[PDB]
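Worksheet: the structure to be examined is printed underneath.
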Amino acid sequence: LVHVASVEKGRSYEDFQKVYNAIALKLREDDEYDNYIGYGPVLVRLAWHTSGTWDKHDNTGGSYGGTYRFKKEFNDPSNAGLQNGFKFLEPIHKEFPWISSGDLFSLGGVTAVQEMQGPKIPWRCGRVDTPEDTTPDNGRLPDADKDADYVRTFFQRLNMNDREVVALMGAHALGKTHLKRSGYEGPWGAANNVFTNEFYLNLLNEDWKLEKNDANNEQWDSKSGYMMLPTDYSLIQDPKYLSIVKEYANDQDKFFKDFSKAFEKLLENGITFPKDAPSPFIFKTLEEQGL
Ligand code: HEM
């Protein structure tokens, strides 16, 4: 099935910058969430999980249809906690009812990365809501207790290569694991609502110990109070991933550029953009606008 991007009728860059801005202003205002981490990280994760159900083999799932709004997908155990991002976006959608669900979930992620001082992420509009029966089944998002071979094979289904995977995983600088949500507990670093390459630095430089958490799952822990999932740790066990981790630990701009590309790509898998579609938008941050 082909999903052709269809611009919300009559809308242009300024309309979507207004949505961006409303997201960004609420991100600033609603700062208490998650022990003052704020909603940035969970909005990034929402964008990823709504996009990461995609299957390149048959174009099922993906960001286009905004299917997270249906109960099968919002109740996926893999999505536990993302309801907080959805609830955040609800008043945004009420103010701007013309935006599609897929466009809003993906734009939330872009807006969060940028407002957290991450790279600019070009973003294209035109996702169109699809019906409840187009919601992908549970089980397409990745397990965390696995090794590098798992990770590499997993991401082939999203058409991501080693560099794209390692770049995307850098988003694990953000937020934290929550025991009741995933069976893992703890942040990955200190700067968890500012977008930086800290994930890579911590992987290489902390002294990690393989421990069991209070849900009886193994995770890697440091004396600084940070953690890594087994799938995170796999990025330094595998020599191909390790090289790339070292690259990003040593070049913040390179990480930014590669993350931006990979994240846009993730958010756009499955969508066909007509030849005469608008160019991707690059939204100004609130800071850049003086707001
Ligand atoms: C092998 C792939 C991955 C696995 C197994 C994985 C697993 C996890 C787990 C278990 C959590 C903790 C959920 C919780 O307890 O709240 C988490 C959080 C998160 N992940 Fe992933 N993840 C992967 C890839 C990614 C990618 C590709 C991105 C986005 C580019 C991403 C962004 C996030 C963010 C931002 C959080 C923090 C959420 C919060 O603080 O609420 N993850 N991930």
Side-chain angles (χ1 to χ4, degrees), residues 33-54 63 76-88 105-106 108-110 112-113 116 118-119 121 139-189 191-196 198-199 213-215 217-220 226-235 237-238 241 248 255-256 258-267 269:
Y33 173 71
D34 212 348
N35 290 297
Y36 282 90
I37 294 165
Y39 284 93
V42 75
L43 290 178
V44 175
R45 203 194 192 211
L46 179 65
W48 141 239
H49 271 206
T50 54
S51 303
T53 59
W54 187 59
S63 76
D76 182 353
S78 305
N79 285 337
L82 290 186
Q83 303 96 326
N84 291 283
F86 186 86
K87 281 223 211 227
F88 175 98
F105 307 146
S106 62
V110 169
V113 168
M116 293 192 288
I121 317 292
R140 295 172 172 224
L141 295 164
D143 298 333
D145 65 332
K146 305 288 207 282
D147 65 10
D149 296 331
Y150 172 83
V151 170
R152 181 168 286 115
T153 293
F154 174 84
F155 271 106
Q156 283 167 182
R157 198 200 70 225
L158 296 173
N159 191 35
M160 302 289 180
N161 69 13
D162 283 5
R163 290 181 64 88
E164 289 169 323
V165 167
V166 176
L168 287 168
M169 216 76 74
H172 279 176
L174 303 169
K176 67 188 292 290
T177 66
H178 312 77
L179 203 75
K180 285 211 226 202
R181 278 192 205 162
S182 64
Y184 296 99
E185 170 68 35
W188 291 270
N192 65 162
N193 57 18
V194 176
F195 198 97
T196 74
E198 192 180 356
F199 171 84
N213 65 34
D214 289 352
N217 301 315
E218 291 191 315
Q219 52 179 72
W220 293 91
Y226 313 147
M227 64 86 67
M228 297 279 157
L229 301 158
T231 44
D232 298 318
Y233 200 78
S234 87
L235 301 187
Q237 298 172 313
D238 178 278
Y241 282 157
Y248 294 147
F255 167 53
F256 269 34
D258 286 355
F259 182 87
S260 176
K261 296 194 277 179
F263 194 63
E264 178 175 14
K265 175 175 166 177
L266 176 78
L267 272 46
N269 296 132

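All values below come from the heavy atoms of this structure, side chains included, with hydrogens, waters and symmetry mates left out. Residue numbers count from 1 along this sequence. First listed ligand is number 1; within each ligand, the first listed atom is number 1.
Closest heavy-atom approach to atom 30 (C) of ligand 1 within the set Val151, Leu168, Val113: this belongs to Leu168. Scanning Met160, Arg45, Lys176 for the heavy atom closest to atom 39 (C) of ligand 1 points to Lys176. Heavy-atom proximity to atom 18 (C) of ligand 1, evaluated over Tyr33, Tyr184, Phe259, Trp188, is greatest for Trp188.
Both the backbone and the side chain of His178 come within contact range of ligand 1, each with a heavy atom under 4.0 Å. Contacts with ligand 1 closer than 4.0 Å are made by no heavy atom of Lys146, backbone or side chain. The proximity of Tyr150 to ligand 1, defined as any non-hydrogen pair under 4.0 Å, does not occur for either the backbone or the side chain. Neither the backbone nor the side chain of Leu266 comes within 4.0 Å of ligand 1, counting heavy atoms alone.
For ligand 1, the atoms lying closer than 4.0 Å to a non-hydrogen atom of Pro41 are 35 (C), 40 (O). Near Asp143, meaning under 4.0 Å from one of its heavy atoms, ligand 1 places the atoms 5 (C). Within ligand 1, the atoms closer than 4.0 Å to a non-hydrogen atom of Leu174 are 37 (C), numbered from 1 in the order shown. Heavy-atom proximity to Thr231, at under 4.0 Å, picks out these atoms of ligand 1: 5 (C). Residue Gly175 has at least one heavy-atom neighbour below 4.0 Å for each of these atoms of ligand 1: 40 (O). Near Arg181, with a cut-off below 4.0 Å to any heavy atom, the atoms of ligand 1 are 14 (C), 15 (O), 16 (O), 41 (O). Set against the non-hydrogen atoms of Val42, the atoms of ligand 1 under 4.0 Å away are 41 (O). For ligand 1, the atoms lying closer than 4.0 Å to a non-hydrogen atom of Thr177 are 12 (C), 14 (C), 15 (O).
Distances between N or O atoms of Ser182 and those of ligand 1 include at least one value under 3.5 Å. Some N or O of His172 is nearer than 3.5 Å to an N or O of ligand 1, by distance alone.
Between the side chain of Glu264 and the backbone N or O of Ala262, no donor-acceptor pair lies under 3.5 Å. Judged by distance alone, the side chain of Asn213 and the main-chain N or O of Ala215 form a donor-acceptor pair under 3.5 Å. With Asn79 contributing its side chain and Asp76 its backbone, the two residues share no donor-acceptor pair below 3.5 Å.
For atom 4 (C) of ligand 1, the closest non-hydrogen atom on the protein side is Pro142 CG, 3.9 Å. Protein heavy atom closest to atom 25 (C) of ligand 1, with residue, atom name and distance, is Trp48 NE1, 3.2 Å. The protein non-hydrogen atom at the shortest distance from atom 7 (C) of ligand 1 is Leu229 CD1, 3.7 Å.
Remark: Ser63 OG to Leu267 CG distance equals 6.0 Å, nearest 0.5 Å. The distance from the OH atom of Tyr39 to the CG atom of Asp34 is 9.0 Å, given to the nearest 0.5 Å. For the atom pair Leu82 CG and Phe105 CZ, the distance stands at 10.5 Å (nearest 0.5 Å). Atom OG of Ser78 and atom NE2 of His49 lie 6.5 Å apart (nearest 0.5 Å). The CG atom of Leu168 sits 11.5 Å away from atom NZ of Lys261, with the distance rounded to the nearest 0.5 Å. Here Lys87 contributes atom NZ and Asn84 contributes atom CG; the two are 8.5 Å apart, rounded to the nearest 0.5 Å.
Between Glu185 and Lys176 there is a salt bridge, with a side-chain nitrogen of the basic residue lying less than 4.0 Å from a carboxylate oxygen of the acidic one.
At least one side-chain heavy atom of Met227 sits under 4.5 Å from a side-chain heavy atom of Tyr184. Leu266 is not listed as a side-chain neighbour of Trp54, based on a closest heavy-atom distance of 4.5 Å or more.
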Query raised in the report: Between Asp162 and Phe155, is a side chain to side chain contact (heavy atoms under 4.5 Å, CB included) present by the stated rule, with each step listed?
Result: CA-CA 9 Å; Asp162 283 5; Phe155 271 106; over 6 Å; no
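Each of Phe199, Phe195, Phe263 was compared with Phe255 under the ring-ring contact (aromatic ring centres under 6.0 Å, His included) criterion, and only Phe195 meets it.
For the pair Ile37 and ligand 1, no heavy-atom separation below 4.0 Å is found. For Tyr39, the closest heavy-atom approach to ligand 1 does not fall below 4.0 Å. Residue-ligand proximity: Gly81 is placed with every non-hydrogen atom at 4.0 Å or more from ligand 1.
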